[PDB]
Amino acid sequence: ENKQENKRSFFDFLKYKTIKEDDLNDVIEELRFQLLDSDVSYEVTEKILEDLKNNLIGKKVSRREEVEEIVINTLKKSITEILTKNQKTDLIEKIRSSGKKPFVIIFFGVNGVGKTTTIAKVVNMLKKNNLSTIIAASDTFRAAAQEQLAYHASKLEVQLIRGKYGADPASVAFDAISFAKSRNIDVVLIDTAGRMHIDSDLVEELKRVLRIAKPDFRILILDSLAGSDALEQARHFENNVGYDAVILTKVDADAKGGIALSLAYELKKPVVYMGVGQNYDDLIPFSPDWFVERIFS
């Protein structure tokens, strides 16, 4: 008798009321209050509310749950547009649906942003996806980074290619790529020179690594908490090197959700993964659900 109730459900159209702009006034102001409370910036708040008006005005609803369902689907869609720019995001399918014999990934970013840690996370995830990997340590003058990757490479049971201190960073990356060909390794991950500040020497070296290593995907690593410094790092790597995608680290330290969402709005490249902790598994695909849960209670 549950199919008899579903047939009855076809004849329930009289309770369906069309939403008028005037109907939205109060709830739009309450959503605004909560967004701003949850550290959502003004521009993102305005975009999100405008997308809510546009997705609601046409519609017919008969109860609060139907309204909530349009609101939630609209929120998840706006958040998706903010973070990914509606670009493809799955690195595994990127690698798998690609022709490249070893798939070469290069990583950019300044010091203390979490770059060596999320390379270990990327290694961890590709292992969980049955993809073999090696790391090329091409930050050859920051001997600290050499230690960090050496620990991770050992814990993760993965080969680390490294040179002498101060070695040609393009050699480390080139050698790692031939090593990966010879051993039929699926993916190469190249660490690049982390500094306190981008500068002219770093740019020339990155471009030399790029033209000699020929990577298939370039990822910038940004601290989701660093605000305008993060936007300044992204703009300088954009103008002088170019990259394809962003990984935001420390998103777990953004309690209310809006800080990383407000940063992403001003980024021009998609955010493809998010670091959410210090452990290897603390790497999640972009998820609108993450931001909806944090922003709203």
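A residue's number is simply how far along the shown sequence it sits, counting from 1.
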{"query": "Stretch with the greater mean C-alpha B-factor as recorded in the entry, comparing 287-295 against 1-9", "finding": "1-9"}
{"query": "Mean temperature factor over C-alpha atoms, higher-scoring stretch between 51-59 and 32-40", "finding": "51-59"}
{"query": "Highest recorded Cα temperature factor - choice among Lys214, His197, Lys76, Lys207", "finding": "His197"}
{"query": "Per the PDB entry, maximal CA B factor within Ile219, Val104, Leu225, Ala180", "finding": "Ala180"}
{"query": "Third of chain Cα B-factors occupied by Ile72", "finding": "lowest"}
{"query": "Assigned third (lowest, middle, highest) for the C-alpha B factor of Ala167", "finding": "highest"}
{"query": "Third assignment of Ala176 from its chain's C-alpha B-factors", "finding": "middle"}
{"query": "Assigned third (lowest, middle, highest) for the C-alpha B factor of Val122", "finding": "middle"}
{"query": "Chain third (lowest, middle, highest) by recorded CA B-factor, residue given as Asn239", "finding": "highest"}
